[PDB]
Structure formats: C-alpha cells, structure tokens
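Inspection log for the structure reproduced underneath, given as structure tokens.
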Amino acid sequence: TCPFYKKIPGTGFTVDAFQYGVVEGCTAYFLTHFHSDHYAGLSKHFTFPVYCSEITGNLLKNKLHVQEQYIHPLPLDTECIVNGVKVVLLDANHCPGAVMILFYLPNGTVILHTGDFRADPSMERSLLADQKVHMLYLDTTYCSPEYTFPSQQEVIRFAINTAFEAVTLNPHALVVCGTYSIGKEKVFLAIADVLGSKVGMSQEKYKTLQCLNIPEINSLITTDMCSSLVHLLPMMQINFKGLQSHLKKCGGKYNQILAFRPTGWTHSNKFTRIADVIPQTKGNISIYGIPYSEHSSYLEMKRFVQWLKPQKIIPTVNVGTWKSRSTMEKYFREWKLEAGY
Ligand code: NI
C-alpha cells in the first residue's frame, strides 16, 4: 500500500505513487520528474489524471505512450487550481522538467514537496519566500556530512578544458560521454560546443532529447554518428572493452577515445579537488570519472532547510530502514537547534 510520505494530507492527491495500482481516495496523481523509480507503474494502461511539467508530459506521451487525455501539463511559477486546491510548480534544479510542488491547503497549511532537487540559493528568492511553509517533503539522498561535491560549473569547466586539449593534440580522437536516463545533458552539450560538433547518439536517445524543450536542439544533436566527434553511449559500455569495440565500429575515422563517466558521489570526494583529477588509461583509451551531481550536497540541503524553517520534515529518500531514519532525525534536530526554529 501507498506510503504516507507520498500522500498530501487534506487532499485526494498523491506524488510519485504509480506502482501501487489504484490508490483509494486519490483523485489526482502528480509526477515530479521522468526518472523510472518515480514513474514506476505508469504505462499506456493508466487511466487517471496525471499532473506534471510540460517536459514531463512530452516524455509521458512519447516514451511511455500514456494517452493524451490523462496528461495535465502545468506551467512553472504560476498559481494554478487543481481539483479546488491552489498549487505552484517550481524548478527543482534536477533533470529536465523536474519540479518541486507547493500545495496551499484549504485550512491554510502550506506544504512544499521537493521531488528530487539540488538545493540552490536562487530558491531563496522564488515564490517560496512569500509565506510560511509548515511541512516539507525532502529529498534526503545525501543527508550526511561526508557528501561534498564541486559545483556543476567547476565540473563543466574541467570537462571542457580536458576535451579541448585532447582533440587539439590529436584531431583523430573521439570524445564519448556515458548516460542512462535524462539529466546531466550539460556535460555532453558543453564538450560539443567547445569542439564545434553536434552530439551523435542512438535513435532511442535522440527521441528522448527531442522532447526536452532545449532551444536550437536541431543544431546540437544528430543520429549520424559518422558526422560527429562527440558520441553518447549507455553508461554500461564506458570501459576499455566497450570503448575499443565502439572504436572498431566507426570505420577507422578515429584512433583514440577520451570518455567521461558522470557519476554521483563515490569515496574519493573526501580528499581530491576537481583540479587534481587524473584518468584511468589502457592504451589509446582514457576514462575520466567526474562527480556531476543533480542532488543537494549536505551543505546545500542544510542551508535550504535552515532558511525555510519548516515545522515538520518528511524524508522521501532512504526511508526503508530504522537506522537511516534515526540518523536523519538527528541531523534535522541539530539544524533546528542551531538556527532557532
Ligand atoms: Ni531523480
């Protein structure tokens, strides 16, 4: 049965709750973003109203084949009414089309659901600042002080300079970027832009990108691999074996590969700076691990919550074990004692 953390009290709404069949009492199903854990259970067979951003709606329509009659896309930063309740969608700074949802309940309680998010100080001057928020449903992916990472911009700068140097040193080198879902598109778009190239990719991946309302997209991406010096492949192929194999497929148009694996956090964030990063190398193939995160670091999450000052926090990630929940509760109390709410 549908957990309490996916239900919004005093409404018949749910959020990211598609895997439990028909939820008793639910009149509107919200979807924060197009990642499989969150959309799990949605298919052409779903027949209830789904509320989401325009980008998330395009994906639902085209990739999952959800019938158009059940898709209700809403604009961002706009007060809207859904089944008699005032809502607002905000940019979550996660992947394309990802939203936080602000619910203004009839009793006067205000609830923010973050979905998946990367907290940023620009969220402190949105519509969130206009009134008190009583309850917060929080993306707690990295809710522990060991989780630090560089800014997105530091990581992109490093990627840009690295790729530019390698291809100027060897103009027959190919750049590859690994991917598994939507998100982290700036990695491959910024590399291509500095190399004067389109990004080449499979038909399934191109169809995904064509849904994302990215301006001038037809000038940036192609299905013609041969014409392009940045290629996208599945994350699972980003290894010496997979990359040599792909290099054979391109017809000796390239004689070297430089590959990037954008990851989350891994244990080497605790010592290294982005400037110190060095690749793994076997022969004419180099692989760089780069920590490009679309979730809040501990410090970004703590700042956001200390600013927002919610009366209650409901975690939405790592809620499966008592140890995790207990640990998280501990950090929420510290934050509250330091900031005086
Ligand atoms: Ni996500």
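Going through the structure tokens in order, the chains are called A, B, and so on, while each chain numbers its residues from 1 and the ligands are numbered from 1 in the order shown.
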- [ ] Identify, with DSSP run on backbone atoms, the residues in segment 82-201 of chain A assigned to helix (DSSP H, G or I), and express the list as a PyMOL selection string.
- [x] chain A and resi 121-125+127-130+152-169+185-195
TODO: Report as a PyMOL selection string which protein, DNA and RNA residues come within 12 Å of ligand 1, using only C-alpha atoms and all ligand atoms.
DONE: chain A and resi 16+31-39+92-100+114-118+139-141+180-184+264+293-296+316-317
Let's see if you can do this: from backbone DSSP, list all strand (DSSP E or B) residues in segment 113-335 of chain A, as a PDB file with N, CA and C atoms, in the first residue's frame.
```
ATOM      1  N   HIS A 113       6.712  19.958  -1.413  1.00  0.00           N
ATOM      2  CA  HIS A 113       7.310  18.673  -1.817  1.00  0.00           C
ATOM      3  C   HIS A 113       8.438  18.945  -2.797  1.00  0.00           C
ATOM      4  N   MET A 135       5.177  22.330   6.315  1.00  0.00           N
ATOM      5  CA  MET A 135       5.649  20.941   6.174  1.00  0.00           C
ATOM      6  C   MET A 135       6.479  20.814   4.909  1.00  0.00           C
ATOM      7  N   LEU A 136       7.534  20.001   4.992  1.00  0.00           N
ATOM      8  CA  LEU A 136       8.472  19.817   3.893  1.00  0.00           C
ATOM      9  C   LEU A 136       8.653  18.343   3.645  1.00  0.00           C
ATOM     10  N   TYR A 137       8.402  17.920   2.410  1.00  0.00           N
ATOM     11  CA  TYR A 137       8.758  16.567   1.984  1.00  0.00           C
ATOM     12  C   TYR A 137      10.082  16.642   1.190  1.00  0.00           C
ATOM     13  N   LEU A 138      11.161  16.096   1.764  1.00  0.00           N
ATOM     14  CA  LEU A 138      12.525  16.392   1.435  1.00  0.00           C
ATOM     15  C   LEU A 138      13.274  15.257   0.784  1.00  0.00           C
ATOM     16  N   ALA A 173      40.995  12.021 -32.399  1.00  0.00           N
ATOM     17  CA  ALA A 173      40.408  11.443 -31.159  1.00  0.00           C
ATOM     18  C   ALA A 173      38.895  11.652 -31.155  1.00  0.00           C
ATOM     19  N   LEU A 174      38.200  10.646 -30.667  1.00  0.00           N
ATOM     20  CA  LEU A 174      36.766  10.729 -30.414  1.00  0.00           C
ATOM     21  C   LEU A 174      36.495  10.990 -28.944  1.00  0.00           C
ATOM     22  N   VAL A 175      35.522  11.856 -28.640  1.00  0.00           N
ATOM     23  CA  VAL A 175      35.024  12.018 -27.229  1.00  0.00           C
ATOM     24  C   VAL A 175      33.734  11.235 -27.046  1.00  0.00           C
ATOM     25  N   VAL A 176      33.660  10.425 -25.997  1.00  0.00           N
ATOM     26  CA  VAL A 176      32.463   9.707 -25.596  1.00  0.00           C
ATOM     27  C   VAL A 176      31.967  10.133 -24.210  1.00  0.00           C
ATOM     28  N   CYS A 177      30.652  10.296 -24.051  1.00  0.00           N
ATOM     29  CA  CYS A 177      30.050  10.542 -22.742  1.00  0.00           C
ATOM     30  C   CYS A 177      29.000   9.472 -22.427  1.00  0.00           C
ATOM     31  N   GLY A 178      29.085   8.887 -21.244  1.00  0.00           N
ATOM     32  CA  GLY A 178      28.129   7.838 -20.804  1.00  0.00           C
ATOM     33  C   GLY A 178      26.868   8.511 -20.269  1.00  0.00           C
ATOM     34  N   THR A 179      25.719   7.820 -20.382  1.00  0.00           N
ATOM     35  CA  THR A 179      24.368   8.293 -19.962  1.00  0.00           C
ATOM     36  C   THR A 179      23.428   7.088 -19.630  1.00  0.00           C
ATOM     37  N   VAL A 199      26.345  16.434 -31.238  1.00  0.00           N
ATOM     38  CA  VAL A 199      26.431  15.176 -30.455  1.00  0.00           C
ATOM     39  C   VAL A 199      25.662  14.103 -31.247  1.00  0.00           C
ATOM     40  N   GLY A 200      26.339  13.006 -31.505  1.00  0.00           N
ATOM     41  CA  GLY A 200      25.756  11.831 -32.101  1.00  0.00           C
ATOM     42  C   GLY A 200      25.262  10.815 -31.094  1.00  0.00           C
ATOM     43  N   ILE A 221      22.308  18.171 -32.003  1.00  0.00           N
ATOM     44  CA  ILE A 221      22.320  16.715 -31.848  1.00  0.00           C
ATOM     45  C   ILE A 221      22.000  16.128 -33.202  1.00  0.00           C
ATOM     46  N   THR A 222      22.375  14.859 -33.412  1.00  0.00           N
ATOM     47  CA  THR A 222      22.140  14.118 -34.668  1.00  0.00           C
ATOM     48  C   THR A 222      22.139  12.620 -34.377  1.00  0.00           C
ATOM     49  N   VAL A 230      31.564  13.927 -30.874  1.00  0.00           N
ATOM     50  CA  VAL A 230      31.181  13.571 -29.518  1.00  0.00           C
ATOM     51  C   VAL A 230      30.043  12.566 -29.678  1.00  0.00           C
ATOM     52  N   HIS A 231      30.185  11.394 -29.074  1.00  0.00           N
ATOM     53  CA  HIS A 231      29.160  10.368 -29.102  1.00  0.00           C
ATOM     54  C   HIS A 231      28.648  10.040 -27.691  1.00  0.00           C
ATOM     55  N   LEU A 232      27.352   9.703 -27.580  1.00  0.00           N
ATOM     56  CA  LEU A 232      26.729   9.223 -26.361  1.00  0.00           C
ATOM     57  C   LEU A 232      26.586   7.728 -26.423  1.00  0.00           C
ATOM     58  N   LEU A 233      26.928   7.032 -25.355  1.00  0.00           N
ATOM     59  CA  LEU A 233      26.687   5.599 -25.243  1.00  0.00           C
ATOM     60  C   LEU A 233      26.112   5.315 -23.886  1.00  0.00           C
ATOM     61  N   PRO A 234      25.437   4.135 -23.701  1.00  0.00           N
ATOM     62  CA  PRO A 234      24.985   3.681 -22.387  1.00  0.00           C
ATOM     63  C   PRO A 234      26.160   3.629 -21.395  1.00  0.00           C
ATOM     64  N   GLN A 256      41.687   7.113 -31.293  1.00  0.00           N
ATOM     65  CA  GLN A 256      41.778   7.283 -29.853  1.00  0.00           C
ATOM     66  C   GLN A 256      40.409   7.652 -29.230  1.00  0.00           C
ATOM     67  N   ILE A 257      40.169   7.214 -28.008  1.00  0.00           N
ATOM     68  CA  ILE A 257      38.963   7.705 -27.271  1.00  0.00           C
ATOM     69  C   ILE A 257      39.291   8.314 -25.901  1.00  0.00           C
ATOM     70  N   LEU A 258      38.651   9.463 -25.644  1.00  0.00           N
ATOM     71  CA  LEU A 258      38.572  10.067 -24.307  1.00  0.00           C
ATOM     72  C   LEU A 258      37.116   9.993 -23.865  1.00  0.00           C
ATOM     73  N   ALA A 259      36.870   9.331 -22.727  1.00  0.00           N
ATOM     74  CA  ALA A 259      35.481   9.067 -22.276  1.00  0.00           C
ATOM     75  C   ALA A 259      35.248   9.692 -20.896  1.00  0.00           C
ATOM     76  N   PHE A 260      34.037  10.202 -20.671  1.00  0.00           N
ATOM     77  CA  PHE A 260      33.643  10.690 -19.372  1.00  0.00           C
ATOM     78  C   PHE A 260      32.515   9.848 -18.810  1.00  0.00           C
ATOM     79  N   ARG A 261      32.618   9.459 -17.529  1.00  0.00           N
ATOM     80  CA  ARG A 261      31.580   8.784 -16.734  1.00  0.00           C
ATOM     81  C   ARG A 261      31.104   9.760 -15.667  1.00  0.00           C
ATOM     82  N   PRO A 262      29.984  10.458 -15.952  1.00  0.00           N
ATOM     83  CA  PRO A 262      29.406  11.312 -14.886  1.00  0.00           C
ATOM     84  C   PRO A 262      28.790  10.377 -13.865  1.00  0.00           C
ATOM     85  N   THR A 263      29.154  10.536 -12.615  1.00  0.00           N
ATOM     86  CA  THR A 263      28.632   9.685 -11.549  1.00  0.00           C
ATOM     87  C   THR A 263      28.042  10.572 -10.484  1.00  0.00           C
ATOM     88  N   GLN A 280      41.814   7.065 -15.713  1.00  0.00           N
ATOM     89  CA  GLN A 280      42.347   5.720 -15.938  1.00  0.00           C
ATOM     90  C   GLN A 280      42.660   5.527 -17.424  1.00  0.00           C
ATOM     91  N   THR A 281      43.810   4.902 -17.724  1.00  0.00           N
ATOM     92  CA  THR A 281      44.284   4.702 -19.096  1.00  0.00           C
ATOM     93  C   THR A 281      44.727   3.260 -19.442  1.00  0.00           C
ATOM     94  N   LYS A 282      44.217   2.718 -20.547  1.00  0.00           N
ATOM     95  CA  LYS A 282      44.730   1.465 -21.153  1.00  0.00           C
ATOM     96  C   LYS A 282      44.897   1.705 -22.655  1.00  0.00           C
ATOM     97  N   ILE A 285      42.961   4.626 -25.045  1.00  0.00           N
ATOM     98  CA  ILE A 285      41.652   4.945 -24.440  1.00  0.00           C
ATOM     99  C   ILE A 285      41.836   5.456 -23.013  1.00  0.00           C
ATOM    100  N   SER A 286      41.291   6.637 -22.715  1.00  0.00           N
ATOM    101  CA  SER A 286      41.370   7.231 -21.363  1.00  0.00           C
ATOM    102  C   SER A 286      39.940   7.440 -20.809  1.00  0.00           C
ATOM    103  N   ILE A 287      39.708   7.144 -19.524  1.00  0.00           N
ATOM    104  CA  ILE A 287      38.388   7.316 -18.902  1.00  0.00           C
ATOM    105  C   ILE A 287      38.511   8.203 -17.643  1.00  0.00           C
ATOM    106  N   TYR A 288      37.690   9.251 -17.620  1.00  0.00           N
ATOM    107  CA  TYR A 288      37.662  10.187 -16.541  1.00  0.00           C
ATOM    108  C   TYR A 288      36.369  10.022 -15.784  1.00  0.00           C
ATOM    109  N   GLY A 289      36.466   9.910 -14.461  1.00  0.00           N
ATOM    110  CA  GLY A 289      35.299   9.839 -13.546  1.00  0.00           C
ATOM    111  C   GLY A 289      35.034  11.259 -13.082  1.00  0.00           C
ATOM    112  N   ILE A 290      33.828  11.817 -13.304  1.00  0.00           N
ATOM    113  CA  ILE A 290      33.552  13.204 -12.880  1.00  0.00           C
ATOM    114  C   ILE A 290      32.276  13.313 -12.033  1.00  0.00           C
ATOM    115  N   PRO A 291      32.419  13.924 -10.864  1.00  0.00           N
ATOM    116  CA  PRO A 291      31.292  13.943  -9.948  1.00  0.00           C
ATOM    117  C   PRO A 291      30.317  15.163 -10.206  1.00  0.00           C
ATOM    118  N   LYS A 312       7.739  20.808  10.301  1.00  0.00           N
ATOM    119  CA  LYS A 312       7.978  19.359  10.244  1.00  0.00           C
ATOM    120  C   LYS A 312       8.677  18.935   8.929  1.00  0.00           C
ATOM    121  N   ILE A 313       9.542  17.922   8.997  1.00  0.00           N
ATOM    122  CA  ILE A 313      10.213  17.407   7.818  1.00  0.00           C
ATOM    123  C   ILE A 313       9.777  15.941   7.586  1.00  0.00           C
ATOM    124  N   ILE A 314       9.343  15.633   6.386  1.00  0.00           N
ATOM    125  CA  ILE A 314       9.111  14.254   5.986  1.00  0.00           C
ATOM    126  C   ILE A 314      10.090  13.734   4.940  1.00  0.00           C
ATOM    127  N   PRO A 315      11.040  12.842   5.315  1.00  0.00           N
ATOM    128  CA  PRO A 315      12.017  12.400   4.310  1.00  0.00           C
ATOM    129  C   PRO A 315      11.400  11.580   3.210  1.00  0.00           C
TER     130      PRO A 315
END
```
- [ ] Determine, counting only C-alpha atoms, which protein, DNA and RNA residues have an atom within 9 Å of an atom of residue 127 of chain A; residues of the same chain fewer than 4 positions away are not included. Present the result as a list in words.
- [x] residues 77, 88, 90, 123 and 131 of chain A
Go ahead and save the residues from that selection, with N, CA, C and O atoms, as a tab-separated table (two decimals), in the first residue's frame.
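Heads up, here's the output in again-v9.tsv:
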```tsv
chain	number	residue	atom	x	y	z
A	77	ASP	N	5.99	28.40	-12.07
A	77	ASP	CA	5.97	29.72	-11.41
A	77	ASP	C	4.62	30.42	-11.56
A	77	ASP	O	4.53	31.64	-11.50
A	88	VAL	N	1.46	25.48	-7.02
A	88	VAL	CA	2.50	26.06	-7.85
A	88	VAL	C	3.61	25.03	-8.11
A	88	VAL	O	3.99	24.28	-7.15
A	90	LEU	N	7.59	24.64	-9.18
A	90	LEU	CA	8.85	25.37	-9.22
A	90	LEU	C	9.94	24.52	-9.85
A	90	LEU	O	9.96	23.32	-9.60
A	123	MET	N	16.67	29.59	-5.00
A	123	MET	CA	15.36	29.19	-4.48
A	123	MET	C	14.91	30.05	-3.26
A	123	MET	O	13.72	30.09	-2.95
A	131	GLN	N	5.66	33.35	1.87
A	131	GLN	CA	4.88	32.89	3.03
A	131	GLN	C	5.53	31.74	3.78
A	131	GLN	O	6.38	31.06	3.26
```
TODO: For atom CA of residue 146 of chain A and atom CA of residue 128 of chain A, determine how far apart the two atoms are, in Å to one decimal place.
DONE: 28.3 Å
Kindly provide the residues of segment 183-268 of chain A that approach segment 150-166 of chain A to within 7 Å, each paired with its closest atom pair and their distance in Å to one decimal, based on only C-alpha atoms, listed by chain and increasing number, as CSV.
```
residue,atom,partner,partner_atom,distance
A:187,CA,A:156,CA,6.2
A:190,CA,A:160,CA,6.6
A:191,CA,A:160,CA,5.2
A:194,CA,A:160,CA,6.6
A:195,CA,A:164,CA,6.4
```
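The spacing separating atom CA of residue 15 of chain A from atom CA of residue 29 of chain A amounts to 6.0 Å.
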Task: Computed interatomic separation between atom CA of residue 212 of chain A and atom CA of residue 58 of chain A (Å) - done: 7.7 Å
TODO: Could you tell me which of A:30, A:254, A:265, A:147 comes closest to residue 50 of chain A if we count only C-alpha atoms?
DONE: A:30
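With only C-alpha atoms as the atoms that count, the residue of A:103, A:18, A:298, A:307 with the shortest distance to residue 1 of chain A is A:18.
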8 Å contact set for residue 72 of chain A, only C-alpha atoms, chain neighbours under 4 positions out, as a PDB file with N, CA, C and O atoms, in the first residue's frame:
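Here's the written file out_34.pdb:
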```
ATOM      1  N   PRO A  49      -6.075  11.010 -13.846  1.00  0.00           N
ATOM      2  CA  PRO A  49      -5.366  12.234 -14.261  1.00  0.00           C
ATOM      3  C   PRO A  49      -3.948  12.330 -13.632  1.00  0.00           C
ATOM      4  O   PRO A  49      -3.798  12.133 -12.410  1.00  0.00           O
ATOM      5  N   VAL A  50      -2.948  12.615 -14.476  1.00  0.00           N
ATOM      6  CA  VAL A  50      -1.534  12.854 -14.037  1.00  0.00           C
ATOM      7  C   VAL A  50      -1.193  14.338 -14.228  1.00  0.00           C
ATOM      8  O   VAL A  50      -1.428  14.884 -15.316  1.00  0.00           O
ATOM      9  N   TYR A  51      -0.711  15.010 -13.158  1.00  0.00           N
ATOM     10  CA  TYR A  51      -0.277  16.424 -13.239  1.00  0.00           C
ATOM     11  C   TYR A  51       1.275  16.509 -13.182  1.00  0.00           C
ATOM     12  O   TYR A  51       1.898  15.789 -12.401  1.00  0.00           O
ATOM     13  N   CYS A  52       1.876  17.362 -14.019  1.00  0.00           N
ATOM     14  CA  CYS A  52       3.325  17.393 -14.256  1.00  0.00           C
ATOM     15  C   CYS A  52       3.746  18.589 -15.062  1.00  0.00           C
ATOM     16  O   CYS A  52       2.918  19.331 -15.496  1.00  0.00           O
ATOM     17  N   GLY A  57       5.339  15.831 -19.434  1.00  0.00           N
ATOM     18  CA  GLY A  57       4.218  15.439 -20.284  1.00  0.00           C
ATOM     19  C   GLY A  57       4.562  14.961 -21.679  1.00  0.00           C
ATOM     20  O   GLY A  57       3.975  13.995 -22.178  1.00  0.00           O
TER      21      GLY A  57
END
```
Open item on the list: Need to verify the contact set: residue 129 of chain A, 12 Å, only C-alpha atoms, exclusion of same-chain residues closer than 6 positions in sequence. Can you return it as number ranges by chain?
Closed with: A: 102, 112, 121-123, 304, 307-309
Task: Who sits within 8 Å of residue 42 of chain A, only C-alpha atoms, same chain under 5 positions skipped, as a list in words - done: residues 18, 19, 64 and 66 of chain A
